[PDB]
Each structure stands twice: as structure tokens, then as C-alpha cells.
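Below: the structure, in C-alpha cells.
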Amino acid sequence: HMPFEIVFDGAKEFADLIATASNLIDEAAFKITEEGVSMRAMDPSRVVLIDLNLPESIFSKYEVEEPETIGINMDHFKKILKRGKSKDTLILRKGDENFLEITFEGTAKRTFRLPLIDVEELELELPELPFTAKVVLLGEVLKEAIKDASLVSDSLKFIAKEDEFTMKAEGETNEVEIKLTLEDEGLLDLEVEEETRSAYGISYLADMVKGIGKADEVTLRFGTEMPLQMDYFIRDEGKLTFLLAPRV
Amino acid sequence: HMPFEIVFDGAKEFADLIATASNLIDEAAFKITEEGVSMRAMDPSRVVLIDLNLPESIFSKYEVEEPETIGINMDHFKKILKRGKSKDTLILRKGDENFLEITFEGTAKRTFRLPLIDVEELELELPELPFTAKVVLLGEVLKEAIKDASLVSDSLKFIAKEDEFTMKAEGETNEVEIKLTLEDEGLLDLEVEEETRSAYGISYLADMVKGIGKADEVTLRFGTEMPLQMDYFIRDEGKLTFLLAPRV
Amino acid sequence: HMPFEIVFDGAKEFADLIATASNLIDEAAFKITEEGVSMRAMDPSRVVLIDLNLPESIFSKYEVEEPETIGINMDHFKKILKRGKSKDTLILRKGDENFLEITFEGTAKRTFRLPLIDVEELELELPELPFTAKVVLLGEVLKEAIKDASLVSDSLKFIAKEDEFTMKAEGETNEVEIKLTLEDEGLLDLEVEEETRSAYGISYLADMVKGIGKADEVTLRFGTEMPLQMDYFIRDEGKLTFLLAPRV
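This is the structure in C-alpha cells:
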């Protein structure tokens, strides 16, 4: 197999990015091409599809001789990456053998070897879906709304109308409603083709947003009785996309 | 029943204030008048009386049509209020029905409904007591002294003399003494009619001071073999008062 | 027995210093002389020798009438010292009786009495050893390397050569190597008489470095199949020295 070397400036930031996907994933196949790094995986229950796209442009050095796929234990990967410091340079290197060499370069050079595994590749595509509502909002609003809703229920209803986006949860001894309009600082964009209603499991939503930053811009696309697509951008050009099955 | 709307700027600060009283209280009757909000309660053991007085002046909007009392599960109340952000506006609103509508207004509008309960009203008054000692001290000194004393004992002796205030705890394998004079930065005022000695349970004192700030000014009034009155001010005009039975 | 009074400006810093030695020690004899305070102890397994030397020069007041030794329960000592604030003045005073009076002077005067104990004095000396390698490195590199290695193994190999210092750990499903050269910011000095290799137990190393600061300069001296000497300086003139038996 052909070697590669991939270098990312800011090892802690890369660890943070991986930790977001790791919240739902135990293991994943990483497709390494000359265009960038991609990872498409499902959580163990098959409710959430994760797609992480890291173009060559976000890496300070990118040397990929031929496209290849590697399998990674995501919890082992995250344990090693968590050792990286904020100003470390991260080097991901594969030689001829079946392990990933992970180097942090900073005040010292620290090199871990991570055994590569084989990950069953389900044929996963990200199909186009007839979403009728798009919402762009601040991470902090999304994160707090999911925490708010968890105080009352295990499911969160998403309601998009022309002028307002509402997330509402109801339980026996409580009720919570989070409302956004374009007058609100938390709502950056709202495009609604038609009144759209769908509900989503809070346990999955919590794991999806756990690593998202309070100042991150999160795009939500959904439809009535349809999955929720949730994405935010990494270093402008990278993209993390979640696709979440509705609660029906 | 008549509706009301009460608005407080700084929702996290209001949550912090409630959490102080919640440390000893499971449930409480809130008396809502045109003059302000008051709450008088005892801890489950009847050792501590809590009195919280929030005048209309500390609220940015105060619309109370007729005086009424509402009962609140304090742990449920604190769980909701803990969701408020530091720059959220807090709205407490009662309509015709038997629930409190709690709204945080900031980057988004988030509305919780809290069921109102019935709280048995003991006839609680705050009687005047012939205290012989008044002490004003920095919260940090009070908080640290109670923590210091807990290393050695379950009771803390308070000793006030003309020129010095001493808090002393004694155990078998330790002893601790905290001493203040007006030369000390921690002691803001000391008024002693006569030498005054009393002891107080550390477990109650710890719960009383847990939420007090290190820079808060705490007034202590006590007497020999008499209860301890402990108060500090909220937004200059609000007042939290504890009355603690002596250890005899 | 003769009284003494020893005063240290910055009580939290003194607590931090004691906590470093306390990580391996349950009890210790402190030798109090006119020259300073010294403490030599072994951990319960006799794998680590600790030597703490605090010259009179680091104390703001130092009144020792005659040399004497006192025994101290280190966990009780650390519990009291942890109550000191960063800007507290610390007073250690012994009167005629068999207890240490520990005073924090700041916003208030707080005085603890700590019973002195008798500590069996093993005849402990710090012998000169024919070390062949000296390494000066930043605490953060040492601390992170030990944490890195603990991800893969229970022992850490130290390898010093003319131009590079390597710490390497190997396990079944992982491997880690931390490498320093004088080009690296983490390596302040490297003096190697000959190629030097030795291994050390990570559990002991972790407890030795737990309290060391990320910006502290740590000197390591070791030899092949020889103990590791690890020291760093306290207020320029104080010294904490660990001597760690090799893993053979």
C-alpha cells in the first residue's frame, strides 16, 4: 500500500473535531484521496449518519500518493489525539505497514502508533432529500435548546414557519418552547418553503451537538416526517454533516 | 386569580440568588405584592428560618394587579432557572391558570412552564431579638472560617468582644481559631454591646453561606445562647436573611 | 524543647510545594535548623527517596533557637495548608508543647494546631552516584510524556545520547516515543557522558511529577540500570529532589 503524510496545524483543534463524530461512532473508515479526507459512518443503532469532509486545503502539508481507505477505532484515535496541545503540529503518516503514525510536533516531538483496523463498509451515500425548511442558528441556541428540552422530554419537535423557527418539548410535569425569529441574534437565516414539522430524539441530538461550539454557525435542513440534516463548517472548507432519522 | 408579570435583568444572577435559599429549602410560598416579592420558609428540621425580600425596585418591569401567594417546588424552580444565561432577561408571568411561565429572553426566547403547588404556610414571623453583637464581614472570611472549622468539628463557636470577633472550633485531633479585628480587611464593622458567646451547627452554616459571594458583605447579629441572624443584600435593595437556632 | 517561628509569604505556594512531596509520602520528619528546613523520606514501598530543602533565605522571618526534628502526618499537614490563600502569610510556630501552630494571616488571622507525631528515622542519605546523563527539560514535556506513556505501558524507558533524549514506552496495542533535541524548546540542556539507557515505573513517575509546574525547569540525572534523580528548584534556593529506583 502507498504511504501518505497529512499535516494539520493545531492538534487540539483536530482532536476537538474528531471528538464530535466520535460521540456517536465507535469505528470508521477514512477515505484518503488527493482531494482530502472523508469519513462516512452510522451510529450503532443506524439512526444517525455522520459525514466528515476534510479537504486538502485545510492541511498545511498533504502528500497522498494513491487513494486508499483505512479503518480506525475511534475511541483509541480520540484518546491519542487528546494528548495533542493547542499549538502542536499534528502529523498523520502511514508507511508501508498497517498502522497510523500520529506525531505531535511542538516543544517536543511525540509519536504514537495506532493499529489500523478493518471497518465493514456499508454502502453509505448522502442522498438528496426534499427538505422544506432551512435554519441557520448559533450553536449556543441549538445546544441550550436541546438541554432545555431534556428537562421535560425525550423528544424535541422542530417547527419552521415563514417567520419563526420553534423547538418545543412537552412532558407531564413541564413544558418548554424555544422560539427564534430573524429579529433574534440566535437566528442567522431562515428559509421555509412551507410549514414544516418534525420531531427528533433528544438523546441523539445531544450527542450530535455536544462538541459544537457556542459561536459555531449550524445549518439545519429538515422536512415534515423527514430526517434532520445538521452541518457546520471546519476551517471554512471542512464540513461535518449529521443526518438524523425522525421520531415517528 | 389575577395575572402578574415580573421582569429581572440578568437571569443567571436571579438563579444564583434563588439557589442560596434553595440550599436549605425544598418548597416555599412566594408572596407577590405591589411592593415586591417575599418568601419566608423553614428548613425541614425547623432550625433555620429563611426570609428573602425582593422589592419592586430591583425588577425592570413589575406588574402585579392584586396581592397573591404561590407555592413553588424549589428544586424544580432552581433546575429551570439554572438554564438562564447571564445576559438573559428573565420573565416570570402568571396567567389565569395554575402555573408559572418562566421566560429567558436573549439570543432566543425560551419559555418553561412550572406547575404551581400548594405550600403549607406555617405562621412565620421574623421577631425582634435582643442581639448583643453585630458583625459585618467579607463573605470570603465567613465562608473560609466555616470550611476551616469543618476540618475539626461539627460546631462553630462565635465570640464577640469590644475589639475582636472570634470564630473557634475544637475537636480531638485538631483546633481552629479565626480572629478578626477592625485592623483586618475582612472585618467591615463590629458593634458589641457586651461580651457575646454562642455556638452554631457547621452543617447548617455551610448550607447558609454556600451561595454567598466572596466579596459580599455579610451582617451577623447574635447574642449569648441566642439565634444567629445572617443577612446580605441583593442589588442593594433586596435582602436574604437567615435565622439560625443556636447549638445548646 | 526550644520554640521556633518560621514565616513564608504566599501560603498557597507553600501548600503546593508540600503537596508535591505528599504525593508519595504519608509521614515525614522535618529537620529544623538555623540554616533552613529539610525533609528526607521514602515512599511506603522504598522505591522513591524524597529530599526537600528549604533554606532560611526563602522565608520572610526565620527564628530557630536550636536544631530540632519534628514528625508530621503529611496528609493532615496538607489538609490544613490547603486552606491557605495565595496572598496569606503562613506562620509555622512551635511553642513548648508538642504541636505545630499553623497561622494564615491575610484578610483574617486563622490558626490551626497540628499534633506533632514521632516518625521513625531511617538513616537516609543522598549518596553521590556515577550518573552518565543529565537532562534539563520543561515540566510540561516531562508531565505530558509520562501521561503519553501511561496510555501504552507501565514503564518508561529513558534514552540519552549525545544529541537527543528519548523517552519511549511500548505495549501490545500501542507505542509512544517522546524525543527531544537542543533544537526543541522543551530541552534546556543535555549533557551525556555516554549512551545511557534506563527504565522507570510510570506509576511512581506520575506521582513525582503531579505537582510540578508546566513552566518549571526539571533536571534529570540518570545512568544505565541506575536510579533517576529528579529535582527542581523552589524560590530559586529551595530544592525538591526525588531519587527513583530503576525498573530492572
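Protein chains in written order, with my numbering: chain A, 7 to 254; chain B, 7 to 254; chain C, 7 to 254. Yeah, the Cβ is synthetic: ideal placement off N, Cα and C, and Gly gets one too.
Item: Spatially closest choice to A:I31 from A:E131, A:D81, A:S161 and A:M232, by CA coordinates; Value: A:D81
Item: Distance, B:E111 Cα to B:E40 Cα; Value: 23 Å
Item: Delimiting residues of the beta strand (DSSP E) encompassing A:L250; Value: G244 to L250
Item: Beta-carbon proximity check, C:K163 vs C:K153, cutoff 7 Å; Value: no
Item: Stretch pair the region 108-124 of chain C + the region 63-75 of chain A: three plus CB contacts closer than 8 Å; Value: no
Item: Beta carbon of B:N29 nearer than 7 Å to that of B:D213; Value: yes
Item: Which residues DSSP lists as bridging C:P121, in chain order; Value: C:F105
Item: Inter-residue spacing [alpha-carbon to alpha-carbon] between C:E201 and C:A139; Value: 8 Å
Item: Local Cβ density within 10 Å of B:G177, reported as buried at 16 or more and exposed below that; Value: exposed
Item: Contained beta strand (DSSP E) runs [length at least 3] in the region 193-217 of chain C, N- to C-terminal order; Value: 193-198 and 202-207
Item: Where A:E146 meets chain B, residues with beta-carbon distance less than 8 Å; Value: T113
Item: For A:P61: DSSP bridge partner residues; Value: A:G42
Item: Beta-carbon proximity list for C:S92, same chain, < 7 Å, skipping 5 on both sides; Value: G16 and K18
Item: B:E181: contacting residues in chain C (beta-carbon distance under 8 Å); Value: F118 and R119
Item: Short CB-CB distance (under 7 Å) between A:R46 and chain C; Value: no
Item: Cutoff 7 Å: A:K140 Cβ touching any chain B Cβ; Value: no
Item: Pairwise C-alpha distance: A:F239 and B:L122; Value: 44 Å
Item: Integer Cβ distance of C:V147 from A:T113, believed to fall under 8 Å; Value: 6 Å
Item: Same chain only: Cβ atoms within 8 Å of A:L194, ignoring 5 sequence neighbours per side; Value: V142, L143, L144 and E223
Item: Contact the region 37-56 of chain B vs the region 82-89 of chain B: 3+ CB pairs below 8 Å; Value: no
Item: C:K149 - containing alpha helix (DSSP H), residue span; Value: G145 to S156
Item: Contact set between A:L157 and chain B, taken where Cβ atoms lie within less than 8 Å; Value: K85, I86, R89 and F118
Item: Nearest-angstrom beta carbon gap, B:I12 and B:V43 [assumed within contact, 8 Å]; Value: 7 Å
Item: Beta-carbon contacts of C:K149 that lie in its chain and below 6 Å, excluding the five residues immediately before and after; Value: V215
Item: Neighbour list for B:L186 in chain C, Cβ cutoff strictly below 9 Å; Value: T113, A114 and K115
Item: Pick from A:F228, A:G217, A:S156 and A:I165 that is closest to A:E134, judged by C-alpha positions; Value: A:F228
Item: Collapsed DSSP secondary structure at B:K67 in the structure displayed; Value: strand
Item: Proximity to C:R116 [Cα-Cα], best of C:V54, C:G192, C:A205 and C:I97; Value: C:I97
Item: Cβ shell of A:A21 (< 6 Å), same chain only, five flanking positions each side left out; Value: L87, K88 and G90
Item: Reference C:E127; option with closest CA among C:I218, C:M45, C:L188 and C:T225; Value: C:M45
Item: C-alpha distance - C:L120 paired with C:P233, whole-angstrom precision; Value: 35 Å
Item: Closest by C-alpha distance to A:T95, when choosing among A:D102, A:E103, A:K67 and A:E71; Value: A:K67
Item: A:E181 versus A:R203: straight-line alpha-carbon distance, rounded; Value: 18 Å
Item: Distance, A:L55 Cα to A:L130 Cα; Value: 8 Å
Item: N- and C-terminal bounds of the alpha helix (DSSP H) containing A:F20; Value: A17 to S28
Item: Beta-carbon gap between B:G207 and B:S161 smaller than 7 Å; Value: yes
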